[PDB]
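Engineer: Following this line is input-v8.cif, made up of mmCIF, C-alpha atoms:
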```cif
data_my_file
loop_
_atom_site.label_atom_id
_atom_site.label_comp_id
_atom_site.auth_asym_id
_atom_site.auth_seq_id
_atom_site.Cartn_x
_atom_site.Cartn_y
_atom_site.Cartn_z
CA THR A 295 25.25 -5.50 -86.80
CA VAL A 296 24.90 -7.75 -83.76
CA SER A 297 27.78 -10.18 -83.14
CA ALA A 298 25.69 -13.30 -82.54
CA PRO A 299 27.38 -16.68 -81.92
CA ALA A 300 27.76 -18.81 -85.04
CA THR A 301 27.81 -22.30 -83.49
CA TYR A 302 26.04 -24.37 -80.86
CA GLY A 303 27.96 -25.05 -77.66
CA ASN A 304 28.96 -28.45 -76.34
CA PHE A 305 29.62 -30.15 -72.99
CA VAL A 306 31.52 -33.42 -73.39
CA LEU A 307 31.90 -35.42 -70.19
CA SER A 308 35.32 -35.79 -68.56
CA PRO A 309 36.39 -39.46 -68.47
CA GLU A 310 36.78 -39.43 -64.68
CA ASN A 311 33.12 -38.42 -64.31
CA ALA A 312 31.97 -41.73 -65.79
CA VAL A 313 32.94 -43.55 -62.59
CA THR A 314 30.83 -41.09 -60.59
CA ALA A 315 27.64 -41.92 -62.48
CA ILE A 316 28.36 -45.58 -61.73
CA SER A 317 28.73 -44.67 -58.04
CA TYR A 318 25.84 -42.66 -56.59
CA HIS A 319 24.51 -41.49 -59.99
CA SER A 320 25.67 -37.87 -60.08
CA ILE A 321 27.84 -36.13 -62.69
CA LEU A 322 28.79 -32.91 -60.95
CA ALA A 323 30.14 -30.57 -63.60
CA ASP A 324 33.93 -30.40 -64.04
CA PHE A 325 34.91 -32.83 -61.29
CA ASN A 326 38.55 -32.22 -62.24
CA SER A 327 38.05 -28.52 -61.48
CA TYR A 328 36.89 -28.90 -57.87
CA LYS A 329 39.78 -31.25 -57.12
CA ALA A 330 42.35 -28.53 -57.81
CA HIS A 331 40.77 -25.75 -55.74
CA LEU A 332 40.44 -27.97 -52.66
CA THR A 333 44.20 -28.54 -52.64
CA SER A 334 45.14 -24.91 -53.32
CA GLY A 335 42.55 -23.75 -50.79
CA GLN A 336 41.10 -21.23 -53.24
CA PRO A 337 37.37 -20.55 -52.72
CA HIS A 338 35.70 -19.04 -55.78
CA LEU A 339 35.97 -20.88 -59.11
CA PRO A 340 37.23 -18.77 -62.05
CA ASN A 341 34.27 -19.84 -64.24
CA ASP A 342 31.55 -22.49 -64.05
CA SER A 343 31.33 -25.05 -66.84
CA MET P 1 23.91 26.56 -14.19
CA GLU P 2 27.13 26.28 -16.22
CA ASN P 3 29.83 28.91 -15.51
CA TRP P 4 28.63 32.09 -17.22
CA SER P 5 31.23 34.24 -15.46
CA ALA P 6 33.92 32.32 -17.33
CA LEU P 7 32.51 32.63 -20.84
CA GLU P 8 32.85 36.41 -21.12
CA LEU P 9 36.40 36.30 -19.73
CA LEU P 10 37.58 33.29 -21.79
CA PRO P 11 38.84 34.04 -25.32
CA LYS P 12 36.47 32.96 -28.11
CA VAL P 13 36.24 32.75 -31.92
CA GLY P 14 34.24 35.09 -34.14
CA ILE P 15 31.95 33.08 -36.43
CA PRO P 16 29.14 34.00 -38.86
CA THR P 17 25.81 33.19 -37.23
CA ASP P 18 22.94 33.37 -39.71
CA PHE P 19 19.72 31.71 -38.52
CA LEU P 20 15.97 32.22 -38.64
CA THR P 21 13.79 34.31 -36.29
CA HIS P 22 15.96 37.18 -35.06
CA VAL P 23 18.20 36.20 -32.13
CA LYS P 24 16.12 37.22 -29.12
CA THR P 25 13.23 35.39 -30.79
CA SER P 26 15.32 32.21 -30.92
CA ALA P 27 17.03 32.35 -27.52
CA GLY P 28 13.83 33.71 -25.97
CA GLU P 29 11.92 30.62 -27.07
CA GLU P 30 14.43 28.48 -25.14
CA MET P 31 15.47 26.66 -28.32
CA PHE P 32 18.93 26.51 -26.77
CA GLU P 33 19.34 24.69 -23.46
CA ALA P 34 21.28 27.02 -21.16
CA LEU P 35 21.10 30.79 -21.68
CA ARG P 36 21.88 34.00 -19.80
CA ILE P 37 20.61 37.22 -21.40
CA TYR P 38 21.05 40.60 -19.72
CA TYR P 39 20.15 44.03 -21.08
CA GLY P 40 23.02 46.07 -19.63
CA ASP P 41 26.67 45.61 -18.86
CA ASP P 42 27.28 42.84 -16.34
CA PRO P 43 29.04 43.93 -13.13
CA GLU P 44 29.41 40.25 -12.17
CA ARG P 45 32.38 38.71 -13.97
CA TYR P 46 35.52 40.29 -12.49
CA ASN P 47 35.23 38.29 -9.26
CA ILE P 48 37.22 35.05 -8.98
CA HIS P 49 37.14 32.42 -6.23
CA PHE F 50 22.53 -40.25 -63.25
CA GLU F 51 21.35 -37.02 -61.61
CA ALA F 52 23.92 -34.45 -62.75
CA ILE F 53 24.56 -31.36 -60.62
CA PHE F 54 25.89 -28.32 -62.49
CA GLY F 55 28.27 -25.94 -60.75
CA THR F 56 27.20 -24.06 -57.64
CA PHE F 57 27.05 -20.26 -57.42
CA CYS F 58 27.61 -17.73 -54.64
CA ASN F 59 27.08 -13.97 -54.57
CA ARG F 60 29.96 -11.50 -54.39
CA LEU F 61 29.94 -9.07 -51.47
CA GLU F 62 29.55 -5.34 -52.10
CA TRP F 63 32.02 -2.97 -50.43
CA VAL F 64 30.11 -0.05 -48.89
CA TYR F 65 31.99 2.67 -47.00
CA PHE F 66 30.95 5.61 -44.85
CA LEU F 67 33.35 8.18 -46.33
CA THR F 68 32.54 7.00 -49.86
CA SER F 69 28.84 7.66 -49.19
CA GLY F 70 27.44 11.13 -49.82
CA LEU F 71 25.72 11.07 -46.44
CA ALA F 72 29.18 11.70 -44.95
CA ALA F 73 29.06 15.24 -46.36
CA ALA F 74 26.61 16.04 -43.55
CA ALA F 75 29.12 14.95 -40.89
CA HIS F 76 32.60 16.01 -39.76
CA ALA F 77 33.71 12.54 -38.68
CA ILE F 78 36.51 12.25 -36.09
CA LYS F 79 38.20 9.43 -34.20
CA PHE F 80 38.79 9.71 -30.45
CA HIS F 81 40.18 6.64 -28.69
CA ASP F 82 39.39 7.69 -25.10
CA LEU F 83 35.71 8.32 -25.84
CA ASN F 84 34.41 5.84 -23.26
CA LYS F 85 35.54 7.99 -20.33
CA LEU F 86 33.72 11.21 -21.24
CA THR F 87 30.21 11.95 -19.96
CA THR F 88 29.11 15.14 -21.74
CA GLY F 89 30.49 17.71 -24.16
CA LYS F 90 29.49 21.31 -24.73
CA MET F 91 30.17 24.44 -26.79
CA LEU F 92 29.37 27.80 -25.19
CA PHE F 93 28.20 30.64 -27.46
CA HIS F 94 28.20 34.43 -27.17
CA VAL F 95 26.07 36.93 -29.12
CA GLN F 96 25.81 40.69 -28.61
CA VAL F 97 22.88 42.23 -30.53
CA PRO F 98 23.33 44.99 -33.13
CA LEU J 148 41.27 -34.62 -46.09
CA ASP J 149 42.18 -33.04 -42.75
CA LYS J 150 43.60 -29.92 -44.43
CA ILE J 151 40.22 -29.10 -45.98
CA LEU J 152 38.67 -28.44 -42.57
CA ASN J 153 41.56 -26.10 -41.76
CA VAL J 154 41.18 -24.10 -44.98
CA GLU J 155 37.42 -23.96 -44.49
CA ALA J 156 37.60 -22.81 -40.86
CA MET J 157 40.13 -20.12 -41.78
CA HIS J 158 37.64 -18.76 -44.32
CA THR J 159 34.81 -19.14 -41.81
CA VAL J 160 36.54 -16.45 -39.74
CA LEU J 161 37.20 -14.17 -42.72
CA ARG J 162 33.50 -14.27 -43.55
CA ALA J 163 32.49 -13.89 -39.90
CA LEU J 164 34.61 -10.74 -39.66
CA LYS J 165 33.87 -9.07 -42.99
CA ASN J 166 30.14 -9.76 -42.60
CA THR J 167 30.41 -7.70 -39.40
CA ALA J 168 33.11 -5.27 -40.56
CA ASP J 169 30.86 -4.41 -43.49
CA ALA J 170 27.94 -4.17 -41.06
CA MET J 171 29.87 -1.73 -38.87
CA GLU J 172 30.12 0.77 -41.74
CA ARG J 173 26.40 0.53 -42.48
CA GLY J 174 25.51 1.10 -38.83
CA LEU J 175 27.24 4.47 -38.88
CA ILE J 176 25.17 5.19 -41.99
CA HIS J 177 22.05 4.13 -40.09
CA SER J 178 22.59 5.71 -36.68
CA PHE J 179 23.67 9.00 -38.27
CA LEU J 180 20.60 9.21 -40.49
CA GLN J 181 18.57 8.19 -37.44
CA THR J 182 19.87 11.29 -35.64
CA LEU J 183 18.99 13.68 -38.47
CA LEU J 184 15.36 12.56 -38.29
CA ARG J 185 15.31 13.87 -34.71
CA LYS J 186 16.60 17.21 -36.07
CA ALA J 187 14.27 17.34 -39.10
CA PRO J 188 11.13 19.35 -38.37
CA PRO J 189 8.33 18.96 -40.93
CA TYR J 190 8.60 21.35 -43.85
CA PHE J 191 5.51 23.41 -43.02
CA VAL J 192 7.02 24.26 -39.62
CA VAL J 193 10.29 25.52 -41.11
CA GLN J 194 8.37 27.30 -43.87
CA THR J 195 6.38 29.29 -41.33
CA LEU J 196 9.59 30.44 -39.69
CA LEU Y 148 45.63 37.10 -12.93
CA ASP Y 149 44.72 40.73 -12.27
CA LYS Y 150 46.35 41.96 -15.50
CA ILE Y 151 43.77 39.97 -17.47
CA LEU Y 152 41.07 42.14 -15.91
CA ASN Y 153 42.83 45.31 -17.06
CA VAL Y 154 42.84 43.84 -20.57
CA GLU Y 155 39.36 42.30 -20.48
CA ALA Y 156 37.80 45.58 -19.36
CA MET Y 157 39.43 47.38 -22.29
CA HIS Y 158 37.90 44.94 -24.79
CA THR Y 159 34.54 45.56 -23.12
CA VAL Y 160 35.02 49.24 -23.94
CA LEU Y 161 36.05 48.71 -27.57
CA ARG Y 162 33.13 46.35 -28.21
CA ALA Y 163 30.79 48.99 -26.81
CA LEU Y 164 32.13 51.44 -29.41
CA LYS Y 165 32.09 49.02 -32.35
CA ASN Y 166 28.43 48.38 -31.59
CA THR Y 167 27.69 52.09 -31.16
CA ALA Y 168 29.60 53.17 -34.28
CA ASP Y 169 27.62 50.60 -36.25
CA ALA Y 170 24.47 51.79 -34.45
CA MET Y 171 25.07 55.37 -35.61
CA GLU Y 172 25.32 54.58 -39.33
CA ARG Y 173 22.18 52.43 -39.27
CA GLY Y 174 20.17 55.29 -37.77
CA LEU Y 175 21.08 57.52 -40.69
CA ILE Y 176 19.85 54.68 -42.91
CA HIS Y 177 16.70 54.58 -40.78
CA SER Y 178 15.64 58.19 -40.22
CA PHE Y 179 16.38 59.11 -43.84
CA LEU Y 180 14.15 56.25 -44.99
CA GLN Y 181 11.56 57.46 -42.48
CA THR Y 182 11.68 60.86 -44.19
CA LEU Y 183 11.01 59.45 -47.67
CA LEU Y 184 7.88 57.67 -46.41
CA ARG Y 185 6.33 61.04 -45.52
CA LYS Y 186 7.06 62.37 -49.05
CA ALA Y 187 5.58 59.32 -50.83
CA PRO Y 188 1.85 59.68 -51.50
CA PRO Y 189 -0.02 56.47 -52.37
CA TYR Y 190 0.12 55.53 -56.03
CA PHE Y 191 -3.58 56.00 -56.78
CA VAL Y 192 -3.13 59.65 -55.80
CA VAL Y 193 0.07 60.05 -57.85
CA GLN Y 194 -1.51 58.50 -60.95
CA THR Y 195 -4.73 60.53 -60.83
CA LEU Y 196 -2.89 63.86 -60.96
#
```
Please re-express this file's structure in structure tokens.
Structural biologist:
Amino acid sequence: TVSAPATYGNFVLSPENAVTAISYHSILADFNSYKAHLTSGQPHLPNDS
Amino acid sequence: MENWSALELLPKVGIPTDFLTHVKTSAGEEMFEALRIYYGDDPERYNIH
Amino acid sequence: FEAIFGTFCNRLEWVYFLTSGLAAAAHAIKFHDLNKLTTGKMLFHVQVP
Amino acid sequence: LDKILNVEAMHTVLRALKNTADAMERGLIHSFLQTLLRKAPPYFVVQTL
Amino acid sequence: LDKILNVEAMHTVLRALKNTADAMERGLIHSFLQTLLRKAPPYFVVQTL
């Protein structure tokens, strides 16, 4: 009895990303995430989007 | 030529010494670097200078 | 827009000499003044049965 | 913005050291195994003995 | 210094005996085995009779 996922995943854009597409046309994933680690100085991200 | 007169006067440590090809067959093939076999008692050891 | 999903980087492995089984073949020792020494030696003695 | 270059350079040293500190352990693995090959006669030689 | 020679010569004597006392027992192992070889006809003779 395999425990397969029962639902498709989803990846809604963060509202702050929408400005970045208007800029140089690039939605890097979880732009809010990278902003925090740069201030804390932490290197590795806990989990990519 | 090392200091062979010392070795038989200096205290040592008894160790098991299993190895292939007799012992004269091993030392006699110069497998060791320095060696000093002699078939009798050695008069030369009591002198010190 | 040309979205860029999160970057990845490999985690380093932590190898050790003592943890390795090759260390069983060695009797490892530290010796801080090693640079000064030129040669070592271990004299042997064998009388034949 | 200036702090980011400090936090990056501080991790540039931690990687520069642990890339070599990990290499130092492997070199003892490599030089030691390199020595055993100089003391490893081919099996048919030892078998004849 | 000289008292070491009085002691070292005594150990030279005792080692001469420990080799000889071992040498005596091995000869009894040897000559007795040499005797059995002269009383041991080859098997094709023993089986024919």
Engineer: Using 9 Å as the limit and counting only C-alpha atoms, can you tabulate each residue of chain Y that touches region 8-13 of chain P, with its shortest atom-to-atom distance in Å and the two atoms involved, as a Markdown table?
Structural biologist:
```
| residue | atom | partner | partner_atom | distance |
| --- | --- | --- | --- | --- |
| Y:151 | CA | P:9 | CA | 8.5 |
| Y:152 | CA | P:9 | CA | 8.4 |
| Y:155 | CA | P:9 | CA | 6.7 |
```
Engineer: Return the neighbours of chain F among the residues of chain P, cut-off 12 Å, counting all atoms listed in the file, as an NGL selection string.
Structural biologist: :P and (2-18 or 22-27 or 32-41)
Engineer: How close is chain Y to chain J in C-alpha RMSD after a least-squares fit, all Cα atoms in order?
Structural biologist: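 Pairing the C-alpha atoms in order and fitting gives 0.5 Å.
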Engineer: Hey, what's within 10 Å of region 158-168 of chain J if we count all atoms listed in the file and toss same-chain stuff fewer than 6 positions away? As a short mmCIF file (atom, residue, chain, number, x, y, z; two decimals) with C-alpha atoms, in the coordinates of the input, please?
Structural biologist:
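The resulting part-v2.cif:
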```cif
data_model
loop_
_atom_site.label_atom_id
_atom_site.label_comp_id
_atom_site.auth_asym_id
_atom_site.auth_seq_id
_atom_site.Cartn_x
_atom_site.Cartn_y
_atom_site.Cartn_z
CA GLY A 335 42.55 -23.75 -50.79
CA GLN A 336 41.10 -21.23 -53.24
CA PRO A 337 37.37 -20.55 -52.72
CA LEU F 61 29.94 -9.07 -51.47
CA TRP F 63 32.02 -2.97 -50.43
CA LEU J 152 38.67 -28.44 -42.57
#
```
Engineer: Calculate how many Å separate CA of residue 21 (chain P) from CA of residue 189 (chain J), rounding to one decimal.
Structural biologist: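 Separation of CA of residue 21 (chain P) and CA of residue 189 (chain J): 16.9 Å.
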Engineer: Do you know which residues are at most 8 Å from residue 51 (chain F) counting only C-alpha atoms, after dropping those on the same chain fewer than 6 positions away, and could you put them as a list in words?
Structural biologist: residues 319, 320 and 321 of chain A
Engineer: Measure the distance from CA of residue 174 (chain J) to CA of residue 60 (chain F) in Å and round it to one decimal.
Structural biologist: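 These two atoms are separated by 20.5 Å.
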Engineer: Find the residue from F:66, F:57, F:80, F:90 that sits nearest to residue 340 (chain A); use only C-alpha atoms when measuring.
Structural biologist: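 Smallest separation from residue 340 (chain A) among the options: F:57.
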Engineer: When the PyMOL selection byres ((chain F) within 7 of (chain A)) is applied to the file above, which residues end up in the set, as a VMD selection string?
Structural biologist: chain F and resid 50 to 55
Engineer: Please, what distance in Å, to one decimal, runs between CA of residue 184 (chain J) and CA of residue 28 (chain P)?
Structural biologist: 24.5 Å
Engineer: Determine the residue set returned by the PyMOL selection byres ((chain F) within 12 of (chain J)) for the present structure, and present it as a compact mmCIF listing (two decimals) with C-alpha atoms, in the frame of the given file.
Structural biologist:
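The result, written out as part34.txt:
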```txt
# COMPACT_ATOMS: atom_id res chain seq x y z
CA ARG F 60 29.96 -11.50 -54.39
CA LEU F 61 29.94 -9.07 -51.47
CA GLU F 62 29.55 -5.34 -52.10
CA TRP F 63 32.02 -2.97 -50.43
CA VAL F 64 30.11 -0.05 -48.89
CA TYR F 65 31.99 2.67 -47.00
CA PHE F 66 30.95 5.61 -44.85
CA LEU F 67 33.35 8.18 -46.33
CA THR F 68 32.54 7.00 -49.86
CA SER F 69 28.84 7.66 -49.19
CA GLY F 70 27.44 11.13 -49.82
CA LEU F 71 25.72 11.07 -46.44
CA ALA F 72 29.18 11.70 -44.95
CA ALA F 73 29.06 15.24 -46.36
CA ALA F 74 26.61 16.04 -43.55
CA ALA F 75 29.12 14.95 -40.89
CA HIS F 76 32.60 16.01 -39.76
CA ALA F 77 33.71 12.54 -38.68
```
Engineer: Go through the shown structure with the PyMOL selection byres ((chain J and resi 196) around 8) and write out the matching residues as a list in words.
Structural biologist: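 Given this file, the PyMOL selection byres ((chain J and resi 196) around 8) evaluates to residues 20 and 21 of chain P; 192, 193, 194 and 195 of chain J.
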Engineer: Between A:298, A:307, A:313, A:332, which residue has the minimum interatomic distance to chain J, considering all atoms listed in the file?
Structural biologist: A:332
